[PDB]
Amino acid sequence: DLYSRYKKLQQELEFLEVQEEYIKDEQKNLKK
Amino acid sequence: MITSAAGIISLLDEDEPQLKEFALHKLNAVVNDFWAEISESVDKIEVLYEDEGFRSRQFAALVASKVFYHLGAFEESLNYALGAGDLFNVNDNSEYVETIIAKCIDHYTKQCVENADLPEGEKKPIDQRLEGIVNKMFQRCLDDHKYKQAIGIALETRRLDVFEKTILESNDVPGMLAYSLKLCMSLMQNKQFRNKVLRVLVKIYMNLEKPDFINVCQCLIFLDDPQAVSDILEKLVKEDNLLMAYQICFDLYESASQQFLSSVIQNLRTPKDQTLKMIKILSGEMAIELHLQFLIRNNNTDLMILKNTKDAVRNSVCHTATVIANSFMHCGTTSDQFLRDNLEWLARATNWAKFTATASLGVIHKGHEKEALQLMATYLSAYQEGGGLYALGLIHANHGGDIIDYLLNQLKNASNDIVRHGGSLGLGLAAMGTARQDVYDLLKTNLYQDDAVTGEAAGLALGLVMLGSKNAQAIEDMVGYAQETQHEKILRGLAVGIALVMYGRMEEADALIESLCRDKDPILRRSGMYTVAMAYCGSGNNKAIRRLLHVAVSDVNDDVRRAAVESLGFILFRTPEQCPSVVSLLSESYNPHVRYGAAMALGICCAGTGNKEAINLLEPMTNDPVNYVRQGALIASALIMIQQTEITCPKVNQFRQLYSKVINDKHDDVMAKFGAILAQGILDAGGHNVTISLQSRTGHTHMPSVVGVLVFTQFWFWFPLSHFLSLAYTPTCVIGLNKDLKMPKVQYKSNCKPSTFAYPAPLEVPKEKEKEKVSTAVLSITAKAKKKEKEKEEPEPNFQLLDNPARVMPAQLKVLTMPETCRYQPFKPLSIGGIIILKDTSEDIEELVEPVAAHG
């Protein structure tokens, strides 16, 4: 239970940070 | 109290190794408060530890670890805690102990993960005392009757021996095995470690008192070990256990790929009736026959909606759209009633529309393998002949075999380029995954020309044939021809072909992905996006997601942006809730191509899932001012809501009304209408009997389904490929088979209301509305006249019973059973579905079920 939840949170963190990277790049292109 | 440790620290400076140790003891006793002072004097304790010591080497380590922990330098605290040795006393409710334990566990996990990938001998040694601390934690967790999550710590630390020991020497071995398999299939990513863990799991399974052969075969499918599965089957048949083998072979066909099935069949080849029918099961004759029989028996198709679309159609685009939608709604049903009724409509087609119509015929007759060849000969220019080839290939899906020689021969003896295109598509479909050298070389020869129509099919069929093989020769030849050619259509064909070739290879595809992405040809960059998708299919790989998301906004070619978004959906299909988070922002993009890619990515990801946020995102996109964004949104909504009822999703009726409205409209764009017509076809695909799921019932990725979805998405460039979605149609059937491999009349029992999984009701004609007088005018005395006239004058059943061919919706398997445990007992729960070998204990007449004629 706890290990599965920990892995879920780790994957969510990785997914959210990659999403933020994408939003930063898209914002830059939108400014251009 | 004491208020100052200065005296105790000063005791250390002396030269007496009898005073020093008492100083250390008091210092440890008081480190709970005076770490601030002791920190500046730690260096003295450091040097005192770094000598013979005389109990100083023992206690100073613990003191320095404690003071460093209080200070904040855990990296240096760990070294001294380890040097302490036996003075750590792991067994105590101390916060310092807990924190150092956590830090040591994290350090060990990091070290193991880092050094595992390195060579066998080139490994940086671990500290033995650190290993001892980790093992002490393992043993403490075991002693706490906390068997679970010791498996998790073992998984993180990458050491198996503890994992095996704790999962064996524990209660509820079945439950722990189920948890371990869930972890091994879902969360962990490293493929080599996954294979090692699965090897341990299968060893445990076999050494169990009663081996779980079904889970063993699942793990062996994951490991790609046909020799081992063949040996398991050989042992299982040598020992008298036939139902086990029946269900094992059924699941093996339903999950494993064609190459694996062929290899296991060859191993078996290397009474004999048992072996022969095992080979037949693995080849899949009975699987496809049972699926076709299921669909024909339950062919509850609706014709009035298709009639309305036909009536509303004006343009050739909408005509071919209706043809394809009919194909989808009749896929696997072998019933061409609409096409045999509207011979004038069907005959108003021309050029590639005839190709598409014949392909629709083939899709309708999907799985109808027995009368093939002669059936197409009866059904009947160059376009018609090529369409017949492609339709016959579609009928002979991934499971081809015997007809490969016929396709090879006639594509050799084909003259028209249209016929060559059709034959190449059919041969690629028939040989999908076989990787036959002769077929590949013939397709190479057919590709080695300058002609778009032939080259596109030749390249796509090359990809289908080499699928997964990772053939270096194939990649080299296809990339070289793509670079050296001059026809963008051939380029598109080769792009999809390379994408398919580099399928299922997680990290072995990265070199080719980088090459294609850095390539300057926009079609080859699109090929790189598709290669990313196919390689990291259904893995949620964050590296691939990052690459695709980067290319979706950095690249200049809108085609490549759209392909990147589609690939993103292909990657994320395994976690449907996850994708809407990605695609909500992409859907609100000023780039219409990226918006369409977002819609199609949502469709692929949530295909046959009926998610709610995906539909919420699609609906506004369904209402857009751009032309093709609407088509993409409609098709994605159909993909998502395929086989969904009003109660299950309270928007399906809304989208049905939307499709009807857009079809029956004056200004609605041609491509919007095309998308709506397709959407209807997919939504009612297979006569409400088939759903689209890229993964098998047991979680294995469904290669035919993913290939079909990808090639269908590649209809933006070529309509005839739109029929490839047929491969993505899976019958939502639970079929019970007894020992004789014949379907007996069983009664399945589902405990749910008969409206959350029922077929959409026929809507009948909308009826004629007469002319209405408008609100007869009220005058001054009308109310008085009305007053004068006034004076003068459910059960909602909670039960569901299904005959043996049981169209059970994917959500409608968790809740499914039989009445009072009838004569038939399931070999495996009625939750996985598929084909179940119902064991029987009562002997009676046992009437079978009739093999309905294949006409509809």
# chains A, B, ... in the order shown; residues from 1 in each chain; ligands from 1
$ closest_atom_pairs --of "chain B" --to "chain A" --cutoff "8 Å" --atoms "only C-alpha atoms" --output "tab-separated table"
residue	atom	partner	partner_atom	distance
B:149	CA	A:3	CA	5.9
B:152	CA	A:3	CA	5.6
B:153	CA	A:3	CA	7.9
B:183	CA	A:4	CA	7.3
B:187	CA	A:7	CA	6.7
B:542	CA	A:15	CA	6.7
B:545	CA	A:18	CA	7.9
B:546	CA	A:18	CA	6.1
B:549	CA	A:22	CA	6.1
B:550	CA	A:22	CA	6.3
B:553	CA	A:26	CA	6.0
B:554	CA	A:29	CA	7.8
B:582	CA	A:19	CA	7.1
$ residues_around --residues "residue B:436" --least-positions-apart "5" --cutoff "9 Å" --atoms "only C-alpha atoms" --output "list in words"
residues 431, 441, 465 and 466 of chain B
$ write_last_selection --atoms "C-alpha atoms" --output "JSON list (two decimals), in the first residue's frame"
[["chain", "number", "residue", "atom", "x", "y", "z"],
["B", 431, "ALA", "CA", 1.97, -10.94, -42.58],
["B", 441, "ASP", "CA", 11.94, -8.65, -50.08],
["B", 465, "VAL", "CA", 5.81, -6.98, -41.79],
["B", 466, "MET", "CA", 8.96, -5.92, -39.92]]
$ select_by_dssp --residues "stretch 233-400 of chain B" --states "alpha helix (DSSP H)" --output "VMD selection string"
chain B and resid 233 to 238 242 to 255 258 to 269 272 to 283 285 to 297 304 to 312 316 to 329 337 to 341 343 to 347 352 to 364 374 to 379 382 to 395
$ residues_around --residues "residue B:367" --least-positions-apart "4" --cutoff "8 Å" --atoms "only C-alpha atoms" --output "MDAnalysis selection string"
chainID B and resid 288:289 291:292 332 395:397
$ write_last_selection --atoms "C-alpha atoms" --output "CSV table (one decimal), in the first residue's frame"
chain,number,residue,atom,x,y,z
B,288,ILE,CA,-11.4,-16.0,-34.4
B,289,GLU,CA,-14.3,-18.4,-35.2
B,291,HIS,CA,-15.5,-14.1,-32.0
B,292,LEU,CA,-17.1,-14.1,-35.4
B,332,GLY,CA,-16.9,-8.7,-37.7
B,395,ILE,CA,-10.4,-10.1,-43.5
B,396,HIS,CA,-7.2,-12.0,-42.9
B,397,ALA,CA,-6.0,-9.9,-40.0
$ residues_around --residues "residue B:274" --least-positions-apart "5" --cutoff "9 Å" --atoms "only C-alpha atoms" --output "count of residues only"
3
$ residues_around --residues "residue B:696" --least-positions-apart "6" --cutoff "9 Å" --atoms "only C-alpha atoms" --output "PyMOL selection string"
chain B and resi 254-255+702
